[PDB]
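Asker: My questions all concern the structure below.
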Amino acid sequence: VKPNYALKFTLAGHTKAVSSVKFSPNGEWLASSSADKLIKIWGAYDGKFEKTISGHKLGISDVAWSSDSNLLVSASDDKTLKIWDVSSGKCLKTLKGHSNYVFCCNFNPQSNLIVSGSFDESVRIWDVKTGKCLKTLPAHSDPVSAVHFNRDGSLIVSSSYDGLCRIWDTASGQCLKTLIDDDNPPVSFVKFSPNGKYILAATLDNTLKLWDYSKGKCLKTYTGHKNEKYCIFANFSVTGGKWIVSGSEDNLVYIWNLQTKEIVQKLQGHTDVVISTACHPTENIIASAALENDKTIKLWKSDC
C-alpha cells in the first residue's frame, strides 16, 4: 500500500520565503509564516485565503496553534514571540527575553505555556496568560532548531546545531536525557511521536532518525532526500497509512513507509527548497511550503 497524494491547490500571497505551515487542531485552518514578516490564514480544505496577521518587525521562522485553535504564537528574527487572537488578528502579548533570533515555538497541549528556542542557544518557557518568561533553560551550546512538548505536556524535546537532542522536565526545567551519537552533525529538527515514546530527529547529514530516547536506541532511519543546509520540518502522517513526511532541498516532498523505511512517494511541483510540511489532523491532506524562488504553499490529497 502506498499513498497517492496529488496537487489540489496552490496558495500564493507571501512575498518572501515561506518558513512554516501548520494546520489548526480543529482541522479548519492552515497558518503560514514567512520571511515577509506576515502570517496568513487559509482554509484547510480549499485553500481559500482568510486573513493576514501583521506586527513583527522582521521575518517569522515559525508559528504554532493553541489546542482550542483560537491562538497562534509566532517566533521572529526580531527576537520576540507574539501571541495572536486568530479571530481578531490582534497581538495579545509580545514575549521578550531572547537575545537573538527566535527560530521555533510551540504551545503545550494544555496551552497555558509556550516553549521557544533561539539562536541565543536557550530554550524559554513562557506563561500564555501573562506573557512572562517562567524559565530560561541553558539548553544548548549552539542555536536551537526545534522545540516540542509531548502529548501530556510533562516533557519538552529540543534540538540544536551542537549535535544534541535533549529531553527536559517541563515543571522543573531539568534535563532528563541527552541524546549524543558518535558523530555530531547539527540536529535541524525534532519532535515526539504521537504516543510520546519516540522522537523523530533530522540531522544535516541528509538523514531522519526515529529514536527510543529512554533506551538511546535508533529504531528507524529515513534517507534519500536532500537536507544538508536548512532546518526542514518532518511529520508523522497517521490519518491513513503510517508514513513519515519531510520536505527536501531538491524541491520535493518525500513520503516514507514508517516501518519499512522505503520511499513510497515523492511529490513534485515546488520550485525551491521545501522547508515545511504539515499533515492534516483528520484527513489525508499535506501542506507544503517553499523558499524564495517559489513563495507558495501547496495542498495535496491522498486516498490513504
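Asker: Any residue in the stretch 282-296 that's within 19 Å of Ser19 (Cα to Cα): show its pairings with residues that are among the small types (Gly, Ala, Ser) and part of a strand (DSSP E or B) at Cβ separation under 6 Å, as long as the two are six or more apart or on different chains.
Answerer: Between residues of the stretch 282-296 that are within 19 Å of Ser19 (Cα to Cα) and residues that are among the small types (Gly, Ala, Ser) and part of a strand (DSSP E or B), the close pairs are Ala287/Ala278; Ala289/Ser276.
Asker: I've got another one for you. In the stretch 103-131, which residue that is assigned to a loop (DSSP other than H, G, I, E, B) and of a type in the set (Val, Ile, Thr) is nearest to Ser158 (Cα to Cα)?
Answerer: Filtering the stretch 103-131 down to residues assigned to a loop (DSSP other than H, G, I, E, B) leaves 108-112, 119-122, 128-131.
This time we only want the ones that are of a type in the set (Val, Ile, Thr), so: 128, 130.
Numbers: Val128: 20, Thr130: 24 Å.
That would be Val128.
Asker: Continuing with the same structure: Taking the stated definitions as given, is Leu113 buried (at least 24 other Cβ atoms within 10 Å of the Cβ) and either more than 17 Å from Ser24 (Cβ to Cβ) or of a type in the set (A, V, I, L, M, F, W, C) (or both)? Spell out how you get there, then give the answer.
Answerer: Details: buried (at least 24 other Cβ atoms within 10 Å of the Cβ): no; either more than 17 Å from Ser24 (Cβ to Cβ) or of a type in the set (A, V, I, L, M, F, W, C) (or both): yes.
When the stated conditions are applied, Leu113 does not pass them.
Asker: Shifting gears a bit: Go through the stretch 184-211 and give me each residue that's among the charged types (D, E, K, R) and touching a residue at least 40 places away in the same chain (Cβ under 8 Å).
Answerer: To start, the set of residues in the stretch 184-211 that are among the charged types (D, E, K, R) comprises 191, 197, 205, 209.
Answer for the stretch 184-211, where residues must be among the charged types (D, E, K, R) and touching a residue at least 40 places away in the same chain (Cβ under 8 Å): just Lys191.
Asker: If you don't mind, another one. Output the number of residues of the stretch 35-57 satisfying the condition of being in contact with a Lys or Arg (Cβ under 7 Å, 6 or more places away or on another chain), more than 18 Å from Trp300 (Cβ to Cβ) and in contact (Cβ under 8 Å) with a residue 40 or more places away in the chain.
Answerer: 2
Asker: Could I ask something else about it? Just name the residue that is farthest from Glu292 (Cα to Cα) out of those in the stretch 59-102 that are among the small types (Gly, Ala, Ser) and assigned to a strand (DSSP E or B). I'd like the intermediate steps shown before the answer.
Answerer: If we filter the stretch 59-102 for residues that are among the small types (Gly, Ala, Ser), which is where we start, we get 59, 61, 64, 66-67, 69, 74-76, 87-89, 97, 99.
Now drop any that are not assigned to a strand (DSSP E or B), which leaves 61, 64, 74-76.
Working: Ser61: 14, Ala64: 22, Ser74: 20, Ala75: 19, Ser76: 17 Å.
Looking at residues that are among the small types (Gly, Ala, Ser) and assigned to a strand (DSSP E or B), I get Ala64.
Asker: Are any residues in the stretch 212-262 touching a residue at least 24 places away in the same chain (Cβ under 8 Å) and charged (D, E, K, R), and if so, which ones?
Answerer: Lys220, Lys226, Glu228, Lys229, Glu249, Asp250, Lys261, listed by residue number.
Asker: Right, next: So, in the stretch 217-246, how many residues would count as being over 14 Å from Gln259 (Cα atoms), more than 18 Å from the chain's Cα centre (by Cα) and in a strand (DSSP E or B)?
Answerer: So the count comes out to 1.
Asker: Considering only the stretch 121-130, state which residues are of a type in the set (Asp, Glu) and either touching a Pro at 6+ places or on another chain (Cβ under 8 Å) or buried (at least 20 other Cβ atoms within 10 Å of the Cβ) (or both).
Answerer: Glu121 - this is the single residue of the stretch 121-130 that is of a type in the set (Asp, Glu) and either touching a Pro at 6+ places or on another chain (Cβ under 8 Å) or buried (at least 20 other Cβ atoms within 10 Å of the Cβ) (or both).
Because the Cβ atoms are built from the backbone with ideal geometry, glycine has one as well, and the counts that use them run over all protein chains shown. Bear in mind these aren't lab numbers, they're just calculated from the coordinates by the rules spelled out.
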